[PDB]
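Peer 1: only geometry, no sequence info:
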RNA sequence: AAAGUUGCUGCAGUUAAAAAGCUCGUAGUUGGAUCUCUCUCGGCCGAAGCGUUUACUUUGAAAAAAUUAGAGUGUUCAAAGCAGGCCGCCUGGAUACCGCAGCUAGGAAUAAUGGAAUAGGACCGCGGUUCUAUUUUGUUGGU
RNA sequence: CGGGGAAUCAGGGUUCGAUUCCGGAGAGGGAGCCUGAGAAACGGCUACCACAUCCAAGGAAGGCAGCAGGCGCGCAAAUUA
């Protein structure tokens, strides 16, 4: 069913899947109600989260996290983990003895919700700070924009 | 190769005026060169100049006067905050009366006095005394 | 100065300030374009097309009379080679020197010139792949040289 | 020529770091081998036990015979040779006296007159040689 | 540490207490109470350093535990009891009443008030919540919980409350054009009318305030205490009326006062 | 510290310490000229998309004391201290600085960056297909 | 140990910050607990390791990087008020 790929039954804790309904409603349509919310800072909840079917407890829009604290950006560099990506933040650090700059970088592991598809290497991602979700992830993807050179 | 055409223009002007010439030809032209020469002109240092238009980067003929001792570029264009001007002038201008740090600010090309007056900083281009 | 020759010449072409088409040229832009078309059908590179148009047909600059330069004219109707003419000439020169090396093994000067030509080929191929004229998989191989000619 | 690029701070720092390592005062003060090999252990004075009394010959253009003490330092057991201001002051010094010793005065360098001595005797038996030589104090035994 | 601290070093004390360096190594260390440690004036500093009835801390204890000092109408015998902004101090033996409000320099002024003004105080509303069985509560800036407030009273509004009973008697909204006093930051002690509140979601709001002399200054929304409705304060103000003079006009006023008398 | 003998400011390398046999040759560093605010709902305005994103610059908020600079004050002077002064009263216990980074609101010169050329590019209207209106079918079943 | 900070001072810098304020860490070395709102506490407890005190030889007690003071170490630092 492309949903129950685990050894426990995956469901959204807030929605109830065992409502007692009539035969006409049974023959009408078999669509579950879906829990979603807004990451309310001028961030639009995507349609793939509202109309989707996936289950992710660490998703900003459908899971159990809240976005509070910093909001940063990065470029996607690696996408080889399961529901998390590794992004890169480049910056310039000012050495004031020389009055010059050196280029520095920080690698950041962020949680990518399944509602963001067609995320490529090099696309600009906007992440927001949440509570600790694993040992090394603290930020959660909220927006994706493509690279300006790509059509 | 030829980078920083403002540096080459200022070096040409300085070298020509130290040989006691009346006019100097500089190529190629640039809008930064023209604004720098306008900044010199409004302070009465290089007379008046004229831009020659070929369909390439143009040339400039400058009528030298003699009041200039040295004009120079500060490469690279260092970030100059509004405090650093005193430090920068105590590094660059040999006295408190004459000499000019030219800044490219968000309000355009100006000298350090007009930079102070409009209350802004920018990036340093050059100085002339 | 040149890239690898230490000499620094000046000889080039000096375009006049007059961009307007001169009055004596009775040829229109269209007739110039079909001249380009027959010239390309004769198996001519764009440089040779411009040279013949300047020498015989009186066209001072194709870009001044037609509004576009010759490669764009050949690209509009698809009469353009897959790879550009400078890369093609470097590759032909490399094949010629390599065949001479196959006949003559004591020519170390031809070996050094071959290294120089291949270096030009690599730099210009890097430039073209940056601007998408060549596909990203394109590579110059010494054995994959006579097949491109 | 040197680079002046606005994004070259890291290269400037790395080069200055290596070229500071080529500076001999920097290398002495930061490598550390100068303080491990110093008989004083990096201190200003040192106490020792006088082992013997010797005579070191002076330099060639000013020929003389200076008299020195061979003394083993207490805190590390190193042997050094120490200078006495004159031969009158040497009569206050006996074998097995605790002696406080300083450097000669040119900061680790030897004498321009006596070859190969760098230390001078300051105190013996917890009284200074100046106080003994001027009759201000006497020393015990 | 292994647990909470009980000592305050004197140089680490809040600077507006105006303690000196050589009297001791310790400062009086306010008790836990309705005010923060850094935003209060303890009772020993008031009775000794400012008001000078006492010369030592032992005399402060002798004054306080004869049951003479009321804070907000309640007798306190804790010598380090944290009193703070808008708190009414009543000494019935000498017949004195005070409000702890700020100077233009950010220090608690000795501000004497009328005994009818000592009947009430103002509080800034810090939270509104509904508790069990649908009962609305507000929490003020001095740790007061009042049940059943007016439904119009919101957070950042100011309640005018009666110290005899503790109930809501009147209130003032947060609105552009109301009078306010600044209780934190660099503009501590200044008074003016609110002219613009800009909102930063997920962050601190910035309120712009204009002085009665036309000077304008901004603060955070946390630092604003609304005092009077529109233009007239609902409490008595100190000698300065929230007007921060610069050092030049303060020197000029000092010289004119020295010239007029002497 | 003199010291420009560690040199960013600001050093040197023919003959004194020191520049590579020569050419090609990753990365990094550096790179010619050029381009002069609006749409909806609510009382001329407020909300909204921003305008390619920056780097840069400025403003605003916020930011322990002590120390440092610095205002006042005859500690007998001074180093200090935070006091004191006038015949109960009158006063002080200022102010500045507080790199960088992060919030805030402006600026658009400089330097990157992107936007249509196999046109599946804008601006309009005519549209056809699929999903989709939460209500204007008194209460309702509704194809 | 880190900062606040100190010396120098045209400016950039260079050297210092064990040390009275702020934050951290430790109580001979490790480890484990009890009680309590709060400790992995040592002027609490329980072991082992290293030292070490008394003894009638069975047993018992220990922790000055608190204030003084002593020994040692050393060039190097105060009164058992």
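Peer 2: Received, thanks. Numbering: from 1, shown residues only, chains lettered A, B, ... in the order given.
Peer 1: check contacts around the spatially most central residue of chain E.
Peer 2: With distances taken as Cα atoms, centre = their mean, residue E:85 lies nearest the centre of chain E, 1.4 Å away. Going by Cβ atoms under 8 Å, 6 or more residues apart in numbering or on different chains, residue E:85 touches E:35, E:39, E:100-102, E:141-142, E:183, E:225. No exception for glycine: its C-beta is placed from N, CA and C like everyone else's.
Peer 1: count the residues that sit near residue 111.
Peer 2: I went with chain A, as the question did not name one. By the criterion of other Cβ atoms under 10 Å in any protein chain shown, residue A:111 has 23 neighbours.
Peer 1: hm, I was asking about chain D
Peer 2: Neighbours of residue D:111 using other Cβ under 10 Å come to 18.
Peer 1: that one and residue D:104 touch, don't they?
Peer 2: Yes: counting by Cβ atoms under 8 Å, residue D:111 touches residue D:104, with 6.1 Å between them.
Peer 1: list residues touching both of those two?
Peer 2: Taking Cβ under 8 Å, 6+ apart as the contact rule, residue D:111 and residue D:104 both touch D:83, D:117-118.
Peer 1: quick check: residues of chain D near RNA strand G?
Peer 2: D:43-47, D:73-75, D:100 (Cβ under 7 Å from any atom of the strand).
Peer 1: which helix or which strand is home to residue E:125?
Peer 2: strand E:120-131 (DSSP states H and E).
Peer 1: quick one: the helix or strand that that strand is followed by to chain centroid distance?
Peer 2: Using DSSP H and E, the helix or strand that follows strand E:120-131 in sequence is strand E:135-140. Remark: strand E:135-140 is offset 21 Å from the chain centroid, using Cα atoms, centre = their mean, to the nearest Å.
Peer 1: excluding chain neighbours, what is closest to the residue of chain B found nearest chain D?
Peer 2: Across chain B, the shortest distance to chain D (Cβ to the nearest Cβ) belongs to residue B:76, at 4.3 Å. Spatial nearest neighbour of residue B:76, chain neighbours left out: residue D:6 (4.3 Å); criterion: Cβ to Cβ, 6 or more residues apart in numbering or on different chains.
Peer 1: the closest residue to chain A within chain B - how many residues pack around it?
Peer 2: Chain B approaches chain A most closely through residue B:78 (5.9 Å), counting by Cβ to the nearest Cβ. Counted by other Cβ under 10 Å, the residues lying close to residue B:78 total 14.
Peer 1: which parts of chain B are strands?
Peer 2: B:23-26, B:49-52, B:59-63, B:71-73, B:79-80, B:100-105, B:108-111, B:122-128 (DSSP state E).
Peer 1: to residue A:137, which of those strands lies closest?
Peer 2: strand B:79-80 (35.7 Å; Cβ to Cβ).
Peer 1: and the closest one, what does it pack onto?
Peer 2: In terms of contacts (3 or more Cβ pairs under 8 Å, 6 or more residues apart in numbering or on different chains; DSSP states H and E), strand B:79-80 is packed against strand B:122-128.
Peer 1: okay, buried residues for the strand it packs on please.
Peer 2: For strand B:122-128, the neighbour count (16 or more other Cβ atoms under 10 Å in any protein chain shown) marks B:122, B:124-128 as buried.
Peer 1: and the residues you listed, which is closest to residue B:71?
Peer 2: Nearest to residue B:71 among these is residue B:128, at 3.8 Å by Cβ to Cβ.
Peer 1: residues near the residue lying closest to that closest one once chain neighbours are set aside, how many?
Peer 2: Using Cβ to Cβ, 6+ apart and skipping the chain neighbours, the partner closest in space to residue B:128 is residue B:71 (3.8 Å). The number of residues packed near residue B:71 is 22, by other Cβ under 10 Å.
Peer 1: residue E:87 now?
Peer 2: 22.
Peer 1: so who does it touch?
Peer 2: Applying Cβ under 8 Å, 6+ apart, the residues contacting residue E:87 are E:35, E:71-72, E:99-100, E:121, E:142.
Peer 1: mind picking the two most distant members of these?
Peer 2: E:35 and E:99 (13.9 Å).
Peer 1: what residues sit buried inside the lengthiest strand in chain D?
Peer 2: Counting residues, the longest strand in chain D under DSSP E turns out to be strand D:46-57. Neighbour-count burial for strand D:46-57 flags D:46, D:48, D:50, D:56 (criterion: 16+ other Cβ under 10 Å).
Peer 1: do you know how far the residue of chain C found nearest chain E is from chain D?
Peer 2: As assessed by Cβ to the nearest Cβ, chain E sits closest to residue C:130 within chain C, at 42.3 Å. The spacing between residue C:130 and chain D, counted by Cβ to the nearest Cβ, to the nearest Å, is 22 Å.
Peer 1: so the residue nearest to residue B:76 sits in a helix?
Peer 2: No: assigned with DSSP: H, G, I helix; E, B strand; the rest coil, residue D:6 falls outside any helix and is coil.
Peer 1: do a quick rundown of the helices in the chain.
Peer 2: As the question left the chain open, I've gone with chain A. A:23-28, A:47-50 (DSSP state H).
Peer 1: wait, I meant chain E there
Peer 2: Going by DSSP H, chain E shows helices at E:43-44, E:57-64, E:247-260.
Peer 1: I'd like the ones you listed as TSV, with distance to residue C:4 appended.
Peer 2: Shown next, in TSV, are these (distance: least, Cβ to Cβ, whole Å):
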stretch	distance to residue C:4
helix E:43-44	88
helix E:57-64	90
helix E:247-260	71
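Peer 1: just tell me which of those helices ends up closest to chain A.
Peer 2: Of the helices of chain E, nearest to chain A by Cβ to the nearest Cβ is helix E:247-260, at 32.3 Å.
Peer 1: is RNA strand F contacted by that closest one?
Peer 2: Yes: Helix E:247-260 is in contact with RNA strand F by Cβ under 7 Å from any atom of the strand, via E:247, E:250-251, E:257.
Peer 1: packing partners of that helix?
Peer 2: Helix E:247-260 packs on no helix or strand, going by 3+ Cβ pairs under 8 Å, 6+ apart.
Peer 1: what's the residue lying closest to residue C:87 once chain neighbours are set aside sitting at in phi/psi?
Peer 2: Excluding the flanking residues, the one nearest residue C:87 by Cβ to Cβ, 6+ apart is residue C:124, at 5.7 Å. Phi and psi for residue C:124, reported as degrees, to the nearest 10, are phi -70, psi -30.
Peer 1: that older thread, for the residue nearest to residue B:76, what are its contacts?
Peer 2: A:100-101, B:76-78.
Peer 1: switch the cut-off to 10 Å
Peer 2: A:92, A:98-101, B:75-79, B:123 (Cβ atoms under 10 Å, 6 or more residues apart in numbering or on different chains).
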